[PDB]
Amino acid sequence: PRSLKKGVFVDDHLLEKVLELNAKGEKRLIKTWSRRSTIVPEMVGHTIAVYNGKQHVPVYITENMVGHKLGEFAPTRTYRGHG
Amino acid sequence: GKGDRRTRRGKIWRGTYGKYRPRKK
Amino acid sequence: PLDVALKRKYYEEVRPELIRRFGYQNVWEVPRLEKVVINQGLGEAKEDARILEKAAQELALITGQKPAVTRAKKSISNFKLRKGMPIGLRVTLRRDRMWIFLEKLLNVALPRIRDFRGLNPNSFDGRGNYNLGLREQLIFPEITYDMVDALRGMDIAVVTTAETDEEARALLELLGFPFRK
Amino acid sequence: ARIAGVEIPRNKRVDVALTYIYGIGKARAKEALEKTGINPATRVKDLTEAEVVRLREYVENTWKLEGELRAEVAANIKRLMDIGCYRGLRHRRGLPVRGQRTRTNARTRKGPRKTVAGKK
Amino acid sequence: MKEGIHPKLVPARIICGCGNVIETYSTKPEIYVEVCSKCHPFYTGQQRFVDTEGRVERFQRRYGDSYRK
RNA sequence: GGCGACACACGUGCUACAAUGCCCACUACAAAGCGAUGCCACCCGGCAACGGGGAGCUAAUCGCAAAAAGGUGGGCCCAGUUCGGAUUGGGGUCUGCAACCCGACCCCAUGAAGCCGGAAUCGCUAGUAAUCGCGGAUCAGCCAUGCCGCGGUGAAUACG
RNA sequence: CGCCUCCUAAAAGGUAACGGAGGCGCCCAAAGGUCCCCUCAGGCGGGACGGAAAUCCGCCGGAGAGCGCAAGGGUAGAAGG
Ligand SMILES: [Mg+2]
Ligand SMILES: [Mg+2]
Ligand SMILES: [Mg+2]
Ligand SMILES: [Mg+2]
Ligand SMILES: [Mg+2]
Ligand SMILES: [Mg+2]
Ligand SMILES: [Mg+2]
Ligand SMILES: [Mg+2]
Ligand SMILES: [Zn+2]
């Protein structure tokens, strides 16, 4: 994966808004175009929308999802069955 | 075992080193 | 008469503790452990009576008394079973032969259930009795794995003179049954 | 011997008979015999029972296996389930996960070739 | 009971993996076994048997908090 | 985000179904090419990928680089069995701002289907068939089992 | 087209119509004699392969089970097992 000699979540786009909303409360929906976000455990309890190529999917967050990226919760393909 | 990652010639076929084919004389 | 451990363990550990917890005022108001029943139901013996004699030998080896057959009372279309066709093997356990079997079970056979996460304490009928089933017979130490043939297992019915379920719960727990909490 | 719960090995050379245990392979069995101090090239017909007991109190304690490695893997699959995770939904629909070609044969994961009426 | 058909119950002493000598009368005079009422982990204390893990380290994977403040 | 989607089908290839076989330890034998934004000798740490130092090399003098099959010794005892690795979980390495829908590797444990393949069909007349490994192109890294070259052992048959 | 069961049949017996409905022309050496023992079907919970019932465990259940076969009478204080 990402090498453990270095860190994680190299996106200062989203970190500033989620830390400001952490310090403020008021768990407002943020729309992000970034699937490369490996979710920081401080993001627990926020409504995040990931743009998968056509639409945003609103992703509620609980404690279990940490090492997963946000596109691991954002499906980009619809199949609905062979027939 | 040319595809098995835990034998000799599987490591020789892909050219990767490790426990099962180390380079040391 | 015999120095079986769980009988004396009952009389000196579980018998006064059940008087203490619930407030019994007569010595026969305590729950009493009588008529342990095993029916070892071999529905796979519709076509063969030769597996039934080996299962009878194994049951007589693990409890010390030889079981009887159960004849079918009622024929069905789906499951062959016409009039007779012996597909069951029932044995009841009394009088220091239930106690040695409970020693075997609680001390050897139940830890040899795979991962053995506990028992089901919700498996009470309502009037003081309990039932459980076993999958393989190799859990008992008398079964040898080189005199075995098939994957033949067990259903155990244990009876108590308790009135309610909570009385038999405390009798089974304190005498050594490993229920889930 | 009677070592890995009730699923047992017997019959000729423990150094590959430990490999049949779900959770004990070859190199892990080599570690188990190196710390215990037992012969690899000996057989399980002819060994001391103290070697058996020391092997037991090694292997059923220092790693998890028997009847709870399957429980850990199944709880990890359910951990991937129920939440909207991608790989959990791939495990849900019976579909392979680690970046596979499913246009052609993924019949390891999918099952038999469910041959369809094939129009045009 | 019935004579000649039912088996005879002999003194049976069961030896365990920890060396526990179990005292019963049964249908084989000396018994080998690998568990008892003490070595099974559900019976006695459970003593953080193999786990020492509340979960996998989901909320504990931090391994050094390295980001900009 | 997609070209990697999958209830199916076809073509070309890789790995096997084992004992003329597999694994482990040691020991040899080439050819053709590549590299001072790179190839890395040699130490230290890790079971390992690799990392930290740092010698050399504008290169028939340095390095890639061990060539493999071969040979010696030991183990396996023919059973889906240390044959065979699909697939799956956990923990890590290097690259790249970024490896999840899309990578390549290392370790642990899972270890499947396959015990020689229906109708049919393909390549080969002498180092050729078969088998075995190496190098280059692209390329930050790589799904490379593809392509192009290189060499080791070495059949059988051709009445017409 | 002969025989058996219920109704038509008007509370004894009997009672007709090309009236309403069903069977019988067999079987059992155990499905007979005696002696001794046992009591059902279902419903509510419980229990490896067991699902609405393959076998068991506890409680309720006076006869709705069964008594070879159509139906009626009868029957567990047995004619049933
Ligand atoms: Mg295993
Ligand atoms: Mg007598
Ligand atoms: Mg394409
Ligand atoms: Mg009249
Ligand atoms: Mg009259
Ligand atoms: Mg007629
Ligand atoms: Mg029931
Ligand atoms: Mg009748
Ligand atoms: Zn013990």
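- What the deposited record gives as its method is X-ray crystallography, and the resolution it gives is 3.6400 Å.

- Looking at the PDB entry, chain E carries the name 50S ribosomal protein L31, with the source organism given as Thermus thermophilus HB8.
- This entry carries the title "Crystal structure of tRNA^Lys(SUU) bound to AUA codon in the ribosomal P site".
- What UniProt records for chain E under Function is the sentence "Binds the 23S rRNA."
- Listed under Sequence similarities in UniProt, the entry text for chain E is "Belongs to the bacterial ribosomal protein bL31 family. Type A subfamily."

- Chain A is annotated in the PDB entry as 30S ribosomal protein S19 of Thermus thermophilus HB8.
- Annotation of chain A in UniProt includes, under Function, the sentence "Located at the top of the head of the 30S subunit, extending towards the 50S subunit, which it may contact in the 70S complex. Contacts several RNA helices of the 16S rRNA."

1. Things to note about the protein's contact with RNA strand F
In step 1: If you check the shell around RNA strand F, you find 78 residues, and the closest are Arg35 and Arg77 of chain A, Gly1 of chain B together with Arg43 and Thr102 of chain D.
In step 2: Atoms of RNA strand F within 4 Å of the protein: sugar and phosphate make up 78%, bases the balance.
In step 3: One nitrogen or oxygen atom from the side chain of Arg87 of chain D is found 2.7 Å from a phosphate oxygen belonging to RNA strand F.
In step 4: The separation between a phosphate oxygen of RNA strand F and a polar side-chain atom of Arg107 of chain D is 3.0 Å.
In step 5: Counting residues per element, the ones that place at least two in the surface near RNA strand F are α1 (8-14) of chain B together with α2 (27-36), α4 (69-80), α5 (86-92) and α6 (107-110) of chain D.

Scoring rules and cut-offs
Residues numbered from 1 in each chain as written, not as in the entry; some residues may be left out. Chains lettered and ligands numbered in written order. Part of a larger assembly, values for the part shown. Heavy atoms only, no water. UniProt positions renumbered as here; feature names shortened; annotations may be inferred. Near = heavy atom within 4 Å. Polar contact = N/O pair within 3.5 Å; in protein donor to acceptor, adjacent residues only side chain to side chain. Helix = DSSP H or I, 4+ residues; strand = E, 2+ residues; numbered from the N terminus.

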